[PDB]
Amino acid sequence: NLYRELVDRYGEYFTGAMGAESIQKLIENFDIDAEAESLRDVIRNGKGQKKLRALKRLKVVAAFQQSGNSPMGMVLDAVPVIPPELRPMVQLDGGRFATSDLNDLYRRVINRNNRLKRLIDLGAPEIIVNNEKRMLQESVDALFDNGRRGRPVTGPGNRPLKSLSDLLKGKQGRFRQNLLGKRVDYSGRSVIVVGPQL
Amino acid sequence: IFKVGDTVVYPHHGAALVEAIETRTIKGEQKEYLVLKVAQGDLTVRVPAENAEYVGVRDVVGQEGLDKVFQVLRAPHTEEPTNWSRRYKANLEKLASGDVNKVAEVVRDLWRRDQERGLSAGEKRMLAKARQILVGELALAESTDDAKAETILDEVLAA
Amino acid sequence: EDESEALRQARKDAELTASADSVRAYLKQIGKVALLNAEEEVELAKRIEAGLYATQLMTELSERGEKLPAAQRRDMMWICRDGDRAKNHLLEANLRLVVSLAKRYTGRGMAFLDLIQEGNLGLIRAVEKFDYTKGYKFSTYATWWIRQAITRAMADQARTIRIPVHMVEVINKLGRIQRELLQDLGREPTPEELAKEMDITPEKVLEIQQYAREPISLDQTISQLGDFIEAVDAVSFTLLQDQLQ
Amino acid sequence: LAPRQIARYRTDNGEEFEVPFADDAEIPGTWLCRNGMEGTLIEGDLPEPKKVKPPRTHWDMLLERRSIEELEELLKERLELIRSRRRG
Amino acid sequence: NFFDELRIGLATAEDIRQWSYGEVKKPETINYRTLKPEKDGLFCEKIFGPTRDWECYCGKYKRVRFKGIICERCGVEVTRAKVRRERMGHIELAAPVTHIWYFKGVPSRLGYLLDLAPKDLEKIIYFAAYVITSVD
Amino acid sequence: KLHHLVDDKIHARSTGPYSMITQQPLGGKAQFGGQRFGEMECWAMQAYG
Amino acid sequence: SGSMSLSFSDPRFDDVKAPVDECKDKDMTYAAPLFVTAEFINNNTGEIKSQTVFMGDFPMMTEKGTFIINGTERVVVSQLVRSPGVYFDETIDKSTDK
Amino acid sequence: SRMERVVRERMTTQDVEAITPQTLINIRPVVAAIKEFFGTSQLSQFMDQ
DNA sequence: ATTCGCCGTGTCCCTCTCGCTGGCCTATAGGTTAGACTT
RNA sequence: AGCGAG
DNA sequence: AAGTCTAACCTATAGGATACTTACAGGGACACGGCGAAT
Ligand SMILES: [Zn+2]
């Protein structure tokens, strides 16, 4: 209500926003060099836990500043789709198709996206469009990393659906399971017995 | 109200048989529950004699009602608009009312419209159910070989 | 204790919390909004149609029209804005009802909040085509349109395998008949019972059942299934081409 | 391989675009590019897209269930109510 | 094999649409009966590639001689079946969305960069409070 | 006699079915499968040089 | 509202539909139909509705203590749990040794 | 319990005097539980003999 | 009341490898598609 | 879910 | 046998008017925040 008062009285000459678009706008109208110089000044004249916080934030910002990678790539306008064979859809048993979980997450993102596009086109009160944007946000979060925020999106059986990040963490991830050790052809095994004449 | 073994009409269920009136002294008063049985699944109902007429305890109509409903189902020209919702709700209400004339009118209308085109899935089930209850009460009133009852019902309805 | 102040200051402080549950959050987003009055809704609709006619009249007279008076232009722009805000307020009042009727298809297929938003769209269409000339309750007319929209969206977005809407209809019909037939007889109904029930040859029920099947996520446990899912001919083809050589 | 060439288009936001075909074919007027929206040639033909009128619009919905005169009456009622609100 | 470097870095939306061979629009995976991927779906052949080697959706192309040619009616590039394993899709968001990792991972890199705090960021991004982009 | 008979244990593979998400060999006697050359084995090989 | 109520009583079991060997062969699940007396009562006026409702095919323990599901033979292993109740546990805190 | 939930939901939609215990009772919860318990459970263990 | 220095509490990633066995209801316009004759 | 080797 | 020539089928869209308004371990470690002296 205070926001509504402030805008409807003095909406002009100051810009307010909500959500990821607001954060993207905030990043755009911001100079990395100014923040880096300020951090350098504070550490030049800081002390204590203020010093430590300055050091950490300076690391974070100088990561972007020293390199040519700008931070605008943190906020996403388009999301990539892993190819199909890494996202199987194959029939099995009695011809019953058995896809993976990424299809559900991608489908949820797509559903939210189409609904949001339509809604904006028709023109709806800010409440519903905010709700749809929030849905898209939490769904992209589940897609990229399920369980990291909100609730673990659980498919049937209350099982948390595997997300793209999950294919990295832990043993079952790609790294520890199919790169640092792989099944091999031209191989076998059997039980062993003492061969003293050998 | 009724003695033992009487035939009773308890809508929307229709025909039923009474066996006794057990007076359940529950609530400090012997509730003369007329124990009643139906044919669908042998369900048992205990109807207070104090309010038996209130809940719909009654008798099958005499032959005067039979001829009245014959005339009702003989009458053509019952119109209807293009939609479906109006008749669906109307026949729902008039079948839940436990009446003989209106159930006959609606079942006649639905029969003729089915014979014309064929309407839907569940309305065929309602048509069947209405025909079954009408045949049951006809056999109850006449005691006329309920298979014969449905045959004659079809014969007069076709006209 | 109402104006106990402290007792309402606690409520205000509790209103400003983080809260992460989106269903609870939206429960409170419509929390701020209230209900509506039937006659008030009639006047709301009247204002909506008036502002609509005003904006279309602007658009028509925008081409080779007239230089409208400042007062006339101001008032008609205000009527149009009033109509927009009127429909926003009306939708805000109806969010509660649509949520209350959308809670009845939860636990299946898709997210409850997803059901909510599809129902909200159905509500927008309902107000888009609401007729108050007879002057009846808005909600009773609306329920049909919201249910239409949510059933459509459920059908279009139910399964990973896309099936046409007609097939969604025949499948949920098959399921309902199956359920009630079991409830009555207690024996598994044979496919021929369904075939004669719908008056079809003894194949449609089989195809519809096969379509009705839900895909099984390759992720499973007992270990996921995806691991366990499946050079003579390649070597042979190279060799045969050489043999032709 | 087969005699093959590349058809030319450009999407709306400037980026000149290009997709291959064979020589023996019709280089179509319209194509949905890799960027993700329809585009046409800078070569000739110019097949005059001629978009269809929108599916639906709130006005025509009110039209088939209402007329001009009563809506005019509502407009006048609102106008006089607001005129009384401002100046009386 | 000529490898020297894996320079991972932030991928801007421009790069995301640069990789993409097409753009999946609708959430349609496979047809109910013919068991074929839809058009503009999550598996559409035109986006990722042909599901069968040396074929196309309408199937007028089957020989190998005209390899590397995309059909007319259905617009599927005639390539290997395995090319689907590599070609990548993308989706255009109606409204921008924040990468979960940088936002939520402790310490919140987004918050540290923008001087903001974790709960505060959770509030702004998930539509619980407003933020001022700028003021003159 | 315990139920660990060799005829159910022995197994070799030279070319058998391969998984589809990753083209590594399957694993298990019910299929052909290979034998998981895991991480500790790789450390052993690196140690030998 | 409380103007009507529902209740159940008298759970009865019928004879086993097929003999143990038969069910083991033909994949049938050795089980018995379960019937219960369901009673629906109206409180606002006073009514009863008594029925014998079919509550499923309850699997039945064979003579040897093994269930037969889908032909296969299965055993329900006894579980161990912590009894619900009240538990007073004492712990020594190292911060002040108390 | 799920049975009770669904029937309590049903009593609101159904009109009084137009309902019979057959209508109130939908077995789908209970049996499902049993079917879901004997198959796919951590204690209905496959008989080892 | 802010600064700075301490404590204090809450929320999160990690703890061996390799085998084997089994387990609603229509109405309509436009897209789409079946079959059949032919030179 | 159960089991074998350390 | 593809090329027409003929004749269906199938599906995205849309449309109907009582009433009904808030779901359903543990351990280590670091970062976000209590308690106290100083200006
Ligand atoms: Zn083609």
Discussion item. Which three numbers, in whole Å and largest first, are the semi-axes of the equivalent ellipsoid of the stretch B:116-159 derived from its Cα gyration tensor as √(5λ)?
Written reply: 22, 13, 6
Worksheet item: Based on the Cβ-Cβ distance from C:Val235 to F:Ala12, what FRET efficiency comes out when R0 is 25 Å, to the nearest 0.05?
Response: 0.80
Discussion item. Counting C-alpha atoms alone, how compact is chain A: give Rg to one decimal and Dmax as a whole number, in angstrom.
Written reply: 25.6, 100
Worksheet item: Roughly how big is the stretch B:1-158's charge dipole about its Cα centre, with Cβ charges of +1 (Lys, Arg) and -1 (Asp, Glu), in debye to the nearest 20?
Response: 620 debye
Worksheet, complete the sentence: Here the Cα Rg-to-2.2 N^0.38 Å ratio for the protein assembly as shown is 1.19
Discussion item. Please compute the average number of Cβ atoms from other chains found within 10 Å of each residue's Cβ in peptide A:101-108.
Written reply: 5
Discussion item. From the mean inverse distance of alpha carbon pairs (Kirkwood) and the Cα radius of gyration, derive Rg over Rh for chain H.
Written reply: 1.25
Fill in: For the stretch G:11-95: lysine pairs under 24 Å (alpha-carbon distance), excluding those fewer than 8 apart on one chain
4
Discussion item. Could you tell me the center-to-center distance, by alpha carbons, between the stretch D:1-53 and the stretch C:1-31 in angstrom?
Written reply: 57 Å
Discussion item. Checking the cross-link filter: which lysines have an alpha carbon closer than 18 Å to that of A:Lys51, excluding same-chain neighbours under 8 positions apart?
Written reply: A:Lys59
Fill in: For peptides B:88-101, C:107-120, E:89-102, G:4-17, sequence by mean Cβ density within 10 Å, most packed first
E:89-102, C:107-120, B:88-101, G:4-17
Item to complete: Quick one: Debye curve from the alpha-carbon atoms of chain F only, equal weights, vacuum; give me log10 I(q)/I(0) at q = 0.20 Å⁻¹ to two decimals.
Response: -0.82
Worksheet entry | Positive-pole candidate from C:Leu115, C:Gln241, C:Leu181, dipole of the stretch C:114-245, charges at beta carbon | C:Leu115
Practice prompt. Could you work out, residue by residue across E:62-68, how many beta carbons of other chains sit within 10 Å of that residue's beta carbon, and then give the average as an integer?
Written response: 3
Worksheet item: What is the Rg over Rh value, at two decimals, for the stretch E:62-136, using alpha-carbon atoms and the Kirkwood definition of Rh?
Response: 1.33
Worksheet item: For the stretch A:8-105, what is the charge dipole size about the Cα centre, in debye to the nearest 20, if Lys and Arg each add +1 at the Cβ and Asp and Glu each add -1 at the Cβ?
Response: 880 debye
Worksheet item: What is the projected area of the convex hull of the Cα atoms of the stretch C:168-232, averaged over all directions, in nm²?
Response: 8.4 nm²
Discussion item. To the nearest 20 Debye, how big is the dipole of the stretch C:123-232 about its Cα centre, given +1 on the beta carbon of each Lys and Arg and -1 on that of each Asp and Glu?
Written reply: 800 debye
Fill in: Shielding by partners, peptide E:16-24 (average Cβ within 10 angstrom, other chains)
5
Discussion item. Just to be sure I understand the model, the point goes 7 Å from the Cα along the line to the Cβ. What's the resulting B:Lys129 to H:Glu4 distance in nm?
Written reply: 2.9 nm
Fill in: Total formal charge among the other residues, if their Cβ is under 14 angstrom from that of C:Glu39, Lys/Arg +1 and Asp/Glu -1
+1
Discussion item. Given N residues in chain E, what is its alpha carbon radius of gyration divided by 2.2 N^0.38 Å?
Written reply: 1.50
Fill in: Ranked by how many other beta carbons lie within 10 Å on average, peptides C:160-173, D:75-88 from highest
C:160-173, D:75-88
Worksheet item: Which entries in the list B:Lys89/C:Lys173; A:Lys133/C:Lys87; E:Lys82/F:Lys29; A:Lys117/E:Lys36; A:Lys25/A:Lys50 go over 23 Å, if you measure between the two C-alpha atoms of each?
Response: E:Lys82/F:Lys29; A:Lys117/E:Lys36; A:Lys25/A:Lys50
Worksheet item: If you project the alpha carbons of the stretch G:53-98 onto the principal axes, what extent comes out on each, in Å, largest first?
Response: 63, 29, 17
Response to the item:
Surrounding charge for A:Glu85, neighbours by C-beta under 11 angstrom, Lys/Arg +1, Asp/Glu -1, total +4
Response to the item:
Over the Cα atoms of the stretch A:118-198 the radius of gyration and the largest Cα-Cα distance (Dmax), both in Å, equal 24.2, 88
Discussion item. Using a Cα-Cα cut-off of under 16 Å, which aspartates and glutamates could be cross-linked to B:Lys148, ignoring same-chain neighbours fewer than 8 residues away?
Written reply: B:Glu137
Response to the item:
Charge dipole of the protein assembly as shown built from unit charges on the beta carbon (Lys, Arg +1; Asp, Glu -1), centred at mean Cα; most positive-end Cα among G:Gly71, F:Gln35, F:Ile21 is F:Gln35
Discussion item. Run the simple label-point estimate for F:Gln23 and A:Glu126 please: 7 Å along Cα→C-beta, distance reported in nm.
Written reply: 5.5 nm
Worksheet entry | Descending semi-axes in Å of chain G, equivalent ellipsoid built from Cα gyration tensor | 42, 33, 9
Worksheet item: So which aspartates and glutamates can E:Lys119 reach, going by Cα to Cα under 20 Å and dropping same-chain residues fewer than 8 places off?
Response: A:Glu21, A:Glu138, A:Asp141, A:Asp145, C:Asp13, C:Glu15, C:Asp21
Worksheet entry | Cleavage-rule hits (chymotrypsin sites (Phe, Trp or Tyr not before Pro)) in the stretch C:132-163: DSSP loop, at most 13 neighbouring Cβ within 10 angstrom | C:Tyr136
Discussion item. Please report Rg (one decimal) and Dmax (integer) in Å for the Cα set of the stretch A:123-165.
Written reply: 12.5, 38
Item to complete: Excluding F:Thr22 itself, calculate the net charge of residues whose Cβ lies under 9 Å from the Cβ of F:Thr22, where each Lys or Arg counts +1 and each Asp or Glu counts -1.
Response: +2
Practice prompt. Rounded to whole Å and sorted largest first, list the principal axis extents of the Cα atoms in the stretch C:1-147.
Written response: 58, 43, 29
Worksheet, complete the sentence: Given B:10-23, B:59-72, the highest-first ranking by average Cβ count within 10 Å works out to B:10-23, B:59-72
Worksheet item: Where does the stretch C:81-196 land on the Kirkwood hydrodynamic radius, alpha-carbon pairs, in angstrom?
Response: 16.5 Å
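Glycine also receives a Cβ, built like all others from the backbone with ideal geometry; neighbour counts cover every protein chain displayed. Here, each number is a calculation from the coordinates, and none is a lab measurement.
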